[PDB]
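Working notes, beginning with the structure itself.
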Amino acid sequence: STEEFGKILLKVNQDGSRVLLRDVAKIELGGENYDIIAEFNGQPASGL
Amino acid sequence: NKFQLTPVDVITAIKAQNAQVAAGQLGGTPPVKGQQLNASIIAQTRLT
Amino acid sequence: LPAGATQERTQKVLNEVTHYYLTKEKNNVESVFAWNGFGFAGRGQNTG
Amino acid sequence: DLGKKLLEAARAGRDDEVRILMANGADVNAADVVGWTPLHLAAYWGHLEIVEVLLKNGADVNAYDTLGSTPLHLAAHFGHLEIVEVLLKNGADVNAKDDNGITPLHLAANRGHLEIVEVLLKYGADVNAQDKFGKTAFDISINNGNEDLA
């Protein structure tokens, strides 16, 4: 999930604070690729 | 020997300076709203 | 579209080509399936 | 004999066959090769009524496995609120620590159970108890980003 990816421990700082992955990035389920916009009657669409 | 180098450092240099790099695009997808420029970013190319 | 044209620029055109069909050809056209990213001359942000 | 037929009867959630085996003098506190009792099974899988039939029949409510975990650990880890209550109402150690020093509060606070945390806290759950890594239930919440638990 996005949350488990969010709390990936990148770095434990000098004072002891944790650098989590959600502290350097937005995390969301998206497409593998964004080069194609597909619209059926002006609405978002996928198909076969 | 006179420069303190081995074939390993030669091979590593060719593998680093004779390379081809995928570097993305200015205006790459998904773009920001109102983007006006889209262009291939050419970073490194094979030597010739 | 001309070279370097972005994804948002082509979309407005397709939205205009879309909008045409579902109004000026309302009796005839049933639907428009628009693709922003590939054409029949190649692939790019300036085609669809 | 029947201590085995009871663990599987309690893992399957077969009420009458548990009740029949308690009538057959089957050991309420039988355990398998990892130390799990019919209450351990019924708490893990979420069978309330067999937790009630076993406890009514003298089942050890604070039985711990070969790693130190208890039926409240399983019930609080996995969201069985009613079983967390029924275990706690029957004398379940609310602050029990396994071989890693993990309490039912640590477990319920990890996955985001907000109700089971409160029910444990009411029944005197140590808010500041620590695992072998010094972590408390609060440290877990800020780790998970669960602003409600925090």
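Scheme for the structure tokens: letters A, B, ... for chains in order shown; per-chain residue numbers from 1; ligand numbers from 1 in order shown.
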
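Within chain B, the backbone-based DSSP assignment of alpha helix (DSSP H) covers residues 7, 8, 9, 10, 11, 12, 13, 14, 15, 16 and 17 of chain B.
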
Export N, CA and C atoms of the chosen residues as a PDB file, in the first residue's frame?
ATOM      1  N   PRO B   7      43.759  -2.230 -15.672  1.00  0.00           N
ATOM      2  CA  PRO B   7      42.675  -2.437 -16.646  1.00  0.00           C
ATOM      3  C   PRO B   7      41.290  -2.256 -16.049  1.00  0.00           C
ATOM      4  N   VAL B   8      41.128  -2.535 -14.752  1.00  0.00           N
ATOM      5  CA  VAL B   8      39.836  -2.351 -14.095  1.00  0.00           C
ATOM      6  C   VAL B   8      39.389  -0.898 -14.192  1.00  0.00           C
ATOM      7  N   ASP B   9      40.310   0.039 -13.953  1.00  0.00           N
ATOM      8  CA  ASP B   9      39.959   1.452 -14.038  1.00  0.00           C
ATOM      9  C   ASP B   9      39.740   1.891 -15.479  1.00  0.00           C
ATOM     10  N   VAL B  10      40.425   1.256 -16.431  1.00  0.00           N
ATOM     11  CA  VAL B  10      40.143   1.516 -17.839  1.00  0.00           C
ATOM     12  C   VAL B  10      38.721   1.087 -18.173  1.00  0.00           C
ATOM     13  N   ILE B  11      38.391  -0.176 -17.887  1.00  0.00           N
ATOM     14  CA  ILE B  11      37.070  -0.710 -18.210  1.00  0.00           C
ATOM     15  C   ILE B  11      35.976   0.120 -17.551  1.00  0.00           C
ATOM     16  N   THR B  12      36.169   0.490 -16.282  1.00  0.00           N
ATOM     17  CA  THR B  12      35.175   1.308 -15.594  1.00  0.00           C
ATOM     18  C   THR B  12      35.022   2.674 -16.249  1.00  0.00           C
ATOM     19  N   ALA B  13      36.106   3.218 -16.806  1.00  0.00           N
ATOM     20  CA  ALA B  13      36.023   4.519 -17.464  1.00  0.00           C
ATOM     21  C   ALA B  13      35.270   4.426 -18.785  1.00  0.00           C
ATOM     22  N   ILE B  14      35.553   3.395 -19.585  1.00  0.00           N
ATOM     23  CA  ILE B  14      34.818   3.199 -20.833  1.00  0.00           C
ATOM     24  C   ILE B  14      33.346   2.939 -20.548  1.00  0.00           C
ATOM     25  N   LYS B  15      33.058   2.094 -19.555  1.00  0.00           N
ATOM     26  CA  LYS B  15      31.674   1.804 -19.201  1.00  0.00           C
ATOM     27  C   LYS B  15      30.940   3.034 -18.683  1.00  0.00           C
ATOM     28  N   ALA B  16      31.667   4.064 -18.254  1.00  0.00           N
ATOM     29  CA  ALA B  16      31.067   5.289 -17.739  1.00  0.00           C
ATOM     30  C   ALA B  16      31.031   6.415 -18.761  1.00  0.00           C
ATOM     31  N   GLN B  17      32.075   6.557 -19.579  1.00  0.00           N
ATOM     32  CA  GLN B  17      32.161   7.651 -20.536  1.00  0.00           C
ATOM     33  C   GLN B  17      31.767   7.249 -21.952  1.00  0.00           C
TER      34      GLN B  17
END

Do a neighbour search on residue 46 (chain A) at 12 Å with only C-alpha atoms, toss out local chain neighbours closer than 5 positions, and write the hits as number ranges by chain. A: 31, 36-40; C: 33-35

Compare C:36, C:27, C:7, C:46 by their minimum atom-to-atom distance to chain A, counting only C-alpha atoms, and give me the closest one.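 Closest to chain A of all the choices is C:36.
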
Excluding residue 24 (chain D) and its own-chain neighbours fewer than 3 positions away, which residues fall within 8 Å of it when counting only C-alpha atoms? Please give them as a ChimeraX atom specification. /D:2,20-21

Could you write out that same residue set with N, CA and C atoms as an mmCIF file, in the first residue's frame?
data_model
loop_
_atom_site.group_PDB
_atom_site.id
_atom_site.type_symbol
_atom_site.label_atom_id
_atom_site.label_comp_id
_atom_site.auth_asym_id
_atom_site.auth_seq_id
_atom_site.Cartn_x
_atom_site.Cartn_y
_atom_site.Cartn_z
ATOM 1 N N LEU D 2 -8.585 -36.829 23.157
ATOM 2 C CA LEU D 2 -9.501 -35.744 22.828
ATOM 3 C C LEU D 2 -8.902 -34.347 22.935
ATOM 4 N N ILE D 20 -19.525 -30.824 23.016
ATOM 5 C CA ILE D 20 -19.546 -32.269 23.222
ATOM 6 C C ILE D 20 -18.209 -32.747 23.772
ATOM 7 N N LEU D 21 -17.109 -32.148 23.312
ATOM 8 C CA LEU D 21 -15.799 -32.575 23.783
ATOM 9 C C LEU D 21 -15.499 -32.075 25.188
#

For residue 43 (chain B), please output as a list in words all residues within 8 Å (counting only C-alpha atoms; exclusion window: fewer than 2 positions along the same chain).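 Near residue 43 (chain B), the qualifying residues are residues 20, 21, 22, 23, 41 and 45 of chain B.
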
Could the residues of chain C that have an atom at most 12 Å from chain B be listed as a Markdown table, each with its closest atom pair and the distance in Å to one decimal, counting only C-alpha atoms and ordered by chain and ascending residue number?
| residue | atom | partner | partner_atom | distance |
| --- | --- | --- | --- | --- |
| C:2 | CA | B:38 | CA | 11.3 |
| C:3 | CA | B:38 | CA | 8.7 |
| C:4 | CA | B:38 | CA | 5.0 |
| C:5 | CA | B:38 | CA | 6.4 |
| C:6 | CA | B:38 | CA | 5.7 |
| C:7 | CA | B:31 | CA | 7.7 |
| C:8 | CA | B:34 | CA | 7.2 |
| C:9 | CA | B:36 | CA | 8.1 |
| C:10 | CA | B:36 | CA | 11.3 |
| C:11 | CA | B:34 | CA | 11.9 |
| C:12 | CA | B:34 | CA | 11.9 |
| C:36 | CA | B:29 | CA | 11.6 |
| C:37 | CA | B:29 | CA | 10.2 |
| C:44 | CA | B:38 | CA | 9.6 |
| C:45 | CA | B:38 | CA | 7.6 |
| C:46 | CA | B:38 | CA | 9.0 |

At most 12 Å to chain A: residues in chain D, only C-alpha atoms, as a PyMOL selection string: chain D and resi 110-111+139-146

With N, CA and C atoms retained, export the selected residues as a CSV table (one decimal), in the first residue's frame.
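Final output, again_0.csv:
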chain,number,residue,atom,x,y,z
D,110,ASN,N,-0.7,-1.1,16.3
D,110,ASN,CA,0.0,-1.2,15.0
D,110,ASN,C,-0.9,-1.1,13.8
D,111,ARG,N,-2.0,-2.0,13.8
D,111,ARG,CA,-2.8,-2.1,12.6
D,111,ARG,C,-3.9,-1.0,12.5
D,139,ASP,N,4.8,5.6,19.7
D,139,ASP,CA,5.9,5.5,18.7
D,139,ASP,C,5.3,4.8,17.5
D,140,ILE,N,4.5,3.7,17.7
D,140,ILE,CA,3.9,3.0,16.6
D,140,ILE,C,3.0,3.9,15.8
D,141,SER,N,2.2,4.7,16.5
D,141,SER,CA,1.2,5.5,15.8
D,141,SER,C,1.8,6.6,14.9
D,142,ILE,N,2.8,7.3,15.4
D,142,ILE,CA,3.4,8.4,14.6
D,142,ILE,C,4.2,7.7,13.5
D,143,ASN,N,4.7,6.5,13.7
D,143,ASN,CA,5.3,5.8,12.6
D,143,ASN,C,4.3,5.5,11.5
D,144,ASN,N,3.1,5.0,11.9
D,144,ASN,CA,2.1,4.7,10.9
D,144,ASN,C,1.4,5.9,10.3
D,145,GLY,N,1.6,7.1,10.9
D,145,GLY,CA,0.8,8.2,10.5
D,145,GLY,C,-0.6,8.3,10.9
D,146,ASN,N,-1.0,7.4,11.8
D,146,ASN,CA,-2.4,7.3,12.2
D,146,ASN,C,-2.6,8.5,13.2

Selection: 12 Å around residue 29 (chain C), only C-alpha atoms, excl. self and same-chain fewer than 5 positions, as a PDB file with N, CA and C atoms, in the first residue's frame:
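Final output, saved to selection_20.pdb:
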ATOM      1  N   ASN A  41     -16.054  10.130 -25.832  1.00  0.00           N
ATOM      2  CA  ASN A  41     -17.025  11.221 -25.730  1.00  0.00           C
ATOM      3  C   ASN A  41     -16.602  12.229 -24.660  1.00  0.00           C
TER       4      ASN A  41
ATOM      5  N   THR C  18     -13.681  16.425 -30.967  1.00  0.00           N
ATOM      6  CA  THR C  18     -14.755  15.765 -30.234  1.00  0.00           C
ATOM      7  C   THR C  18     -16.021  16.611 -30.284  1.00  0.00           C
ATOM      8  N   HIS C  19     -15.962  17.817 -29.704  1.00  0.00           N
ATOM      9  CA  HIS C  19     -17.148  18.666 -29.604  1.00  0.00           C
ATOM     10  C   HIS C  19     -17.853  18.830 -30.943  1.00  0.00           C
ATOM     11  N   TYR C  20     -17.094  18.961 -32.036  1.00  0.00           N
ATOM     12  CA  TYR C  20     -17.709  19.030 -33.357  1.00  0.00           C
ATOM     13  C   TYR C  20     -18.668  17.867 -33.566  1.00  0.00           C
ATOM     14  N   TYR C  21     -18.153  16.643 -33.438  1.00  0.00           N
ATOM     15  CA  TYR C  21     -18.905  15.471 -33.871  1.00  0.00           C
ATOM     16  C   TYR C  21     -20.205  15.316 -33.088  1.00  0.00           C
ATOM     17  N   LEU C  22     -20.156  15.487 -31.762  1.00  0.00           N
ATOM     18  CA  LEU C  22     -21.362  15.332 -30.951  1.00  0.00           C
ATOM     19  C   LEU C  22     -22.293  16.540 -31.005  1.00  0.00           C
ATOM     20  N   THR C  23     -22.027  17.542 -31.849  1.00  0.00           N
ATOM     21  CA  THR C  23     -22.985  18.626 -32.073  1.00  0.00           C
ATOM     22  C   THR C  23     -23.343  18.751 -33.548  1.00  0.00           C
ATOM     23  N   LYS C  24     -22.400  19.136 -34.411  1.00  0.00           N
ATOM     24  CA  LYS C  24     -22.731  19.375 -35.812  1.00  0.00           C
ATOM     25  C   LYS C  24     -23.073  18.092 -36.558  1.00  0.00           C
TER      26      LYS C  24
END

I'd like the contact shell of region 123-133 of chain D - 7 Å cut-off, only C-alpha atoms, skipping same-chain residues fewer than 3 positions apart - returned as a ChimeraX atom specification. /D:94-95,100-102,105,119-120,136-137

Would you work out the distance separating CA of residue 149 (chain D) from CA of residue 108 (chain D), expressed in Å to one decimal? 10.2 Å

Separation of CA of residue 1 (chain C) from CA of residue 32 (chain C) in Å: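 Rounded to one decimal, the two atoms are 19.4 Å apart.
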